[PDB]
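[1] sequence unknown, structure follows:
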Ligand SMILES: [Zn+2]
Ligand SMILES: [Zn+2]
C-alpha cells in the first residue's frame, strides 16, 4: 500500500548520511543511500528495499530535474510486484520531498550533534541504552571518520534482522541515530532520528489529506491549512495519585501512577489507530500531556470529536470529576511549521492552541450535559481508601483486610501493585476479555508478565527498545518510566514503615517533590517540529532513564561532593512514586531523600548546559501520616521555593520573622557551601559527631535557642554574646567563629545574619543523631 | 429542644510545670499556637481528662447508681480487654484502636448514662452529641505581657535515668510550662433537657474536683500537673436572650471560690435564679 | 451594591472555612432551636423569594478578602500587555495560582484591569495530633487531626443581601446562637465558636450581562466559565449525597441558582443551599 510506503519513505529518505560521514561511496549522499538500500535488498533482504531507494535518492531536488529523469529509472522498475501504480509511486516521492523541507525549518565539516540546551557544547556519539553513560555535553570535538563506520556496521546488522515496517524501524533508528546530527553546521541542535521521525510524520499527514503529486509541484499544499496540531493535557493529576487515605502503603501509589500512564497511552494510540497515523506522528507524550500532527480533513475533525466525547464520558463515570482530559486542535498550514521571516509561527500556532487548552480547563465537564443534573441513588457509600462514593454493595471486600469494603477499581490496583516487579509491559486488547486487570477508556490492559506470552494487537513495553518475545504481527510501542523501588525481603515494594526504619537517626519518612523551572519558556523557543521533538525527548529521558542511574550511584565525576549524612549504599531505599518529564515525587529514607535532591540537581546541572534549574520541597514526616497530607505539605514547600527564586531548595521547616526580609528556602549553591564549611567540623559521617563534641548536644540544642532569640527580635543583639559565652565556657572558640560577631556588611546589604542560615545545617545533623 | 446555655468562665492555674507534648529547640516540646509561639491547653486534652477521671468514678459506683441512672445496669465493673469483643458485659466497652473507652452504643442508652449524657456517644444509628463545649485555654493578658517583656514562658527540665547497681546516668530533656501560669478556660453547657441539668453540672464539677487532685497531661506522677480551677462567673444565657438580643442573662458572682466551695457551699445559693427560671 | 458583612471573630481553631451550603444548614439548625419548624420553612421561603447569603471568606485587620474571579485567565495575557516578557511570565503564573484578592483588587479584576495578588494568607492548616488513651492501662493510639488556625487580628466573614426585616428576624438571631455552638467540626473541643460583629461592605461592580458567584452555585443552565466543587455533608447523622456545586468566583449568565430539597429518611425535609450571589463581571470573547 501507498500508506505504509509513504511513511517508510520519509523515515528513510534522509537515511544515508551516516554512510557519507563514514566514507563508503563517493559523495552526494542521496546517491549513496540509493546504493545502500540497493545493497541491503540483495543479501538477507526482500526486494522491497530496492523500491525504497527511490525515496533516499530523489530528495533535496538535486537530481529530479525537469521531472523526466525520475521516470526513465522507474519505468524499468515494475510496481506490479507490490500492487503500486505507475503514477501512485510517482506521487509519494513528491510528498516526501515537501515533508523534508517542512521539518528541518531551514554540509562542510563533520560536526557532532550539538546540545539543545547550549549550542556551544556538543554530545559525543553514544548508544541510547540508559546504562553506565550520562551523555553530558562537553567541548566541541569532531567525530572521527573511523567512528561513523562502526555506526554503519550495527545499522547494517539491525536493519537486516528487523521487519520492514513503520513501528519496527523506529527503535532501530532511535538507538543509533539519536546523537547523529542532521545537517552538519555551526550549532545543529536537531537530531537525525528526530528529523526523520518528523519527516515521516508530515509525509503521512499529507497523504491522508489527499494532496497529490501536482499539488506539491504547484506549491498548493503550503499556504493552505492542511495539517492539524492535536494537543491533550490531563487536569487534576496531583489530586488523583496522592489523594487517598491511610491505606495502601505505597504499593498502591505506585499502581495509581502506572494506571495514569495507561489512560494517557490509551487515548493517544486510539487517535493514531483511527486516523491511520503511525507512532512517529506523536510529537511527544510526557507526563499526561501529548501532541500529535495529523491531517485537516472532515473525516478526522469529526473522528477526533467522537474520541473526546467517549473518553471524557469514561473519565466522568469512573473517577467522579477528579481527572479531566482537555483535548483541542488547531488547523495549521505548511509555512506555519517553520520560521517565516522574523516571526516564529510555530511558537505562535502553539500558543494559540495552548490558549484553547486553558479555556477548556475552565469548562471542566461541558461535554457531559448531565453534569449539573441532580439525582437520588439509594445506598450511596464511600470506599475508604480513595474518597470515592459508590452505590451500596458495589465495593467488594478488599484483599488487604477482608472486613473493609473497598471499591473494585482499587482491588485491581492492589493486585497490580503485587506484579509491578514482575512486569515487562502491558498488552492492549479489547475491553471484554479475560486476563484484563484494568480497562482504559477505549481498551483493556493485560499485564505481560516476565515468563509468558503477550496478547493484544498493540504491546506497550517498558524501559527498553527491543521486541524480544513479541509476535511478529503485533504492533510494538515502547515507553519509558522511572521505576526504581526499594524491595522488601521478598521481590516486592517496601512500606512507609520499612523505608523509615533504614534511616540514620530519627525514624521519619522523607519526601521530595521537584520540577524544572521556567520550562514553558524553553519549549516555546523551539521554532520547528523537529526541534521540539528533540528538546522534548531529551528532557523526557532525564526523568525516565537517567534518574535511575543517579540512584544507582553512577556518575561520580559529574556529581562530586554533595551533603551526605551517611555514605552512599549499594542499594538505596528509595521508592520513585512518580517522575513525569519535569515533575518528580520521590519518597524514601529521609537521609537519602536529602542527599539525592543534591545529587539529582548536580546531574541535571550537567545534563543541560547549566541553563535549566530545579526546585525541591523536602518534608520529614511521621510514618502513620495520611499520604494526601504528605503531598499537600510538600506541594506547599515546593511552591514556597518556587515563588522566591526558582533555583532553590526547601530543606527543613524553619522559624523566621514575618518582616519579609527572611526566606525559608536555601539556594542550591548557598546550602551546598554552608555544608562544606559547617559540617566537616561538627560531623564525622554515619550518624556520629566529631571529637570534643561527643555528649555535647546540649551545646547544640541551646545554640538553636540562641537562634530563637534572633527570631523573636532580629534587632536585639543579645544572641551575639550568649553565643560567645556558650562557645566560650566549653572551650570551643574555634568552632563557629562568625556566630559571635555581628556582620555589619549584612546589615549594610540588608541580608540576614549568619545565625539565621545555620539552622538548616545543624537541625539536619541533630535529626541525623538519635536526638 | 433548646432552653439556654450555662456558661462557665474562669482560670486554670498551673501550680506546677504543666507538660502537654506534641512529639515533633527542645527534645520534647509542649504544644504551641503556630502564629504566636505561645503554649496553650487544648479543649481536647482538658475534656478527655475530665472524662477519664469521671469514667473511673462511675466504674466504682455501677451498683450504687443503678436506680438514679439507668443503663448502668447493663455494665459490669472492668474492661473488655481480655476477651476481644466490644459492647460486652463489662464497662469500658468500645475499642477504638488499642484503647478501651466507655461509649454507650445507642441513643436510647446514652440518655441515661451519666458519662455519655454529659460527654457524648458515637454508636451505630445513634450519634449522641455531647452537651459541653470545652474551649482551648490560652495564657491570660497578664501572661501575654510577660512574653512581651522578654521573659521565659516555657522552661526546659532535665531528668536522668540511673542504674540501680552501677549508677550509670542516662538523661533526657522535657520542655514544660513555667509553674505559676494563668490560663483562661471556658465551658459552655447546653441545656437540652430542663430536668437533668443539675446532675450534669454537679457531675462536671466532680470531674474538675478530681482534676485538682490528679494532674493534667504530661508526666504528672513525677509532679508535672498540679492544676487549679479559679472560677470567675457562671452565666445562664436564656432562650429569650437569643431571640430578642436584649441583655437579661442571669449571672452568678464567684470571684474567689474553689471547686469545692462551689459544688455544695453555694449550690443552693448560686444557682437560685437559674433553678427558678429553669 | 451595599452588603451587610457579618464578621466571625474566632475563639479557637476551625475545621474549614465555611462554605455557603454549610452556613445555611447551620443557620437552619440555629433557627429551629430558637424559633421552631414553622420559621425554618419561612426562612427557606425568604431565600427563594428574596436575597441570599454568600460563602465565608477570610480577612486580616480591615482587609476583607474576596475570591478571585475566573474571568481573568482567558484575559490574563491581555491584562499584562505592558510588561517585559521575562518577568511577565512568572507574574502571569502566580496570578493564576492565587485564590483570593483584596476588596480593592477584586474591583480591578471585575473590570479586566491590572491587579496584584495578596502576599499573605490569614490562616494555616496545621495537623494537631490527638490520642485515645485506654482507661485502665493508659495505652495510647495516635490519630491525626487538621484545623484552621487564624492569626492575631484575622477571622472570617460572609455577606448578606436581602431585606432588613428578614436579616434581623432570622439571620441576626441565628448568628448569636452559633457564637456559642459551632460552625462544623469538633464543636465540643471548642472549634466553631466565634464572636459576631455587623458592619457594612460596599462593592463597586460593573453592570453587565454576566456575573460571578460569591457562593456555591448548583446551577440550572450550564454556566460560562466555572470550577467544579463536589461535596455533600451530613444532616442529623444522615449522610448527604454528593452534589456538583460550582466553586466561588465562577461565571454565570442570568442564573438564579436554586436549592434542592432532600429526603434522607428524616422527619423534616432537608434543603441544600445552592443559590448564587451575583456580582457583575466583564468578560472577553468566551
Ligand atoms: Zn477506592
Ligand atoms: Zn455511657
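    Nice, thanks for sending it over. Numbers count the residues shown, from 1 in each chain, chains lettered A, B, ... in the order given. Ligands and ions are numbered 1, 2, ... in the order given.

[2] so how far is residue B:96 from the residue in chain C positioned nearest to ligand 2?
    Residue nearest to ligand 2 within chain C: residue C:135 (12.4 Å; Cβ to the ion). C-beta: built from backbone N, CA, C; applies to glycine. Between residue C:135 and residue B:96 the distance is 11 Å, computed by Cβ to Cβ, to the nearest Å.

[3] helix/strand/coil for whichever residue of the stretch 151-278 of chain B sits closest to chain A?
    Per Cβ to the nearest Cβ, the residue of the stretch 151-278 of chain B with the smallest distance to chain A is residue B:173, at 7.6 Å. Under DSSP: H, G, I helix; E, B strand; the rest coil, the three-state class of residue B:173 is strand.

[4] ditto for residue B:7
    Applying three-state DSSP: residue B:7 is strand.

[5] list the contacts for residue 148?
    The chain I'm using is chain A. A:18, A:21-23, A:110 (Cβ atoms under 8 Å, 6 or more residues apart in numbering or on different chains).

[6] should've been chain C
    By Cβ under 8 Å, 6+ apart, the neighbours of residue C:148 are C:13-17, C:123-125.

[7] same deal with residue A:716?
    Contacts of residue A:716 by Cβ under 8 Å, 6+ apart are residue A:709.

[8] quick check: phi and psi at it.
    When read as degrees, to the nearest 10, the backbone of residue A:716 gives phi -70, psi 140.

[9] contacts for stretch B:77-92?
    Residues from elsewhere that reach stretch B:77-92 (Cβ under 8 Å, 6+ apart): B:55, B:58-60, B:62, B:74-76, B:93-95, B:100-102, B:105, C:134-137.

[10] switch to 10 Å and redo it
    Applying Cβ atoms under 10 Å, 6 or more residues apart in numbering or on different chains, the contact partners of stretch B:77-92 are B:55-56, B:58-63, B:72, B:74-76, B:93-96, B:98-106, B:115, B:123-124, C:134-137, C:139.

[11] just the ones of those residues in strands?
    B:76, B:94-95, B:100-101 (DSSP state E).

[12] now tabulate these in CSV and tack on neighbour count and distance to ligand 2.
    Output for these, formatted as CSV (neighbours: other Cβ atoms under 10 Å in any protein chain shown; distance: Cβ to the ion, whole Å):
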residue, neighbour count, distance to ligand 2
B:76, 14, 14
B:94, 17, 10
B:95, 20, 15
B:100, 24, 13
B:101, 21, 10
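
[13] for the residue of the stretch 101-250 of chain A at minimum distance from chain B, which non-adjacent residue is closest in space?
    Residue nearest to chain B within the stretch 101-250 of chain A: residue A:246 (11.8 Å; Cβ to the nearest Cβ). Once flanking residues are discounted, residue A:246 sits nearest to residue A:626: 4.6 Å by Cβ to Cβ, 6 or more residues apart in numbering or on different chains.

[14] how many neighbours does the one you found have?
    19 (other Cβ atoms under 10 Å in any protein chain shown).

[15] my read: it touches residue A:253, true?
    No: under the criterion of Cβ atoms under 10 Å, residue A:626 makes no contact with residue A:253, lying 12.0 Å away.

[16] now do the shared contacts for these two.
    Common contacts of residue A:626 and residue A:253 (Cβ under 10 Å, 6+ apart): A:242, A:244.

[17] which ones among the contacts of residue C:148 lie within strands?
    Here DSSP E is the test, and the contacts of residue C:148 give C:123-124 as lying in strands.

[18] turn the contacts of residue C:148 into TSV, including distance to residue A:125 and neighbour count.
    Shown next, in TSV, are these (distance: Cβ to Cβ, whole Å; neighbours: other Cβ atoms under 10 Å in any protein chain shown):
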residue	distance to residue A:125	neighbour count
C:13	62	26
C:14	62	24
C:15	61	19
C:16	58	16
C:17	59	15
C:123	57	21
C:124	54	13
C:125	52	14
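
[19] which of the contacts of residue C:148 are close to chain A?
    When Cβ under 10 Å from any Cβ of the partner chain is applied, the members of the contacts of residue C:148 adjacent to chain A are residue C:125.

[20] out of the contacts of residue C:148, who's nearest residue A:350?
    residue C:125 (37.5 Å; Cβ to Cβ).

[21] what is the neighbour count of the nearest residue to residue B:129 once chain neighbours are set aside?
    Spatial nearest neighbour of residue B:129, excluding adjacent residues (Cβ to Cβ, 6+ apart): residue B:120 at 5.8 Å. If you count neighbours by other Cβ under 10 Å, residue B:120 ends up with 20.

[22] which helix runs longest in chain B?
    The helix that spans the most residues within chain B, counting by DSSP state H, is helix B:43-60.

[23] in that one, which residues are buried?
    B:43-56, B:58-59 (16 or more other Cβ atoms under 10 Å in any protein chain shown).

[24] ok, now stretch A:137-146?
    A:137, A:143.

[25] what lies in contact with it?
    Contact partners of stretch A:137-146, identified using Cβ under 10 Å, 6+ apart, comprise A:21-23, A:109-125, A:150-151, A:179-181, A:184, A:186-187, A:606-610.

[26] now the terminal residues of it, how far apart.
    By Cα to Cα, to the nearest Å, the extent of stretch A:137-146 from end to end equals 21 Å.

[27] before we move on, what about stretch A:73-88?
    End-to-end for stretch A:73-88, by Cα to Cα: 15 Å.

[28] residues from the stretch 151-286 of chain C in reach of chain B?
    So the stretch 151-286 of chain C meets chain B at C:151-152, C:154, C:168-169, C:172-182, C:186-193, C:234, C:236-238 (Cβ under 10 Å from any Cβ).

[29] apply 8 Å and report the result again.
    C:151-152, C:172-173, C:176-177, C:180-182, C:186-190, C:193, C:236-237 (Cβ under 8 Å from any Cβ of the partner chain).

[30] ok, now which ones touch residue 9?
    Went with chain A since none was named. A:52, A:54-55, A:92-93, A:95-96, A:200, A:203.

[31] I was thinking of chain B, sorry if that wasn't clear
    Neighbour list for residue B:9: B:184-186, B:231-235 [criterion: Cβ under 8 Å, 6+ apart].
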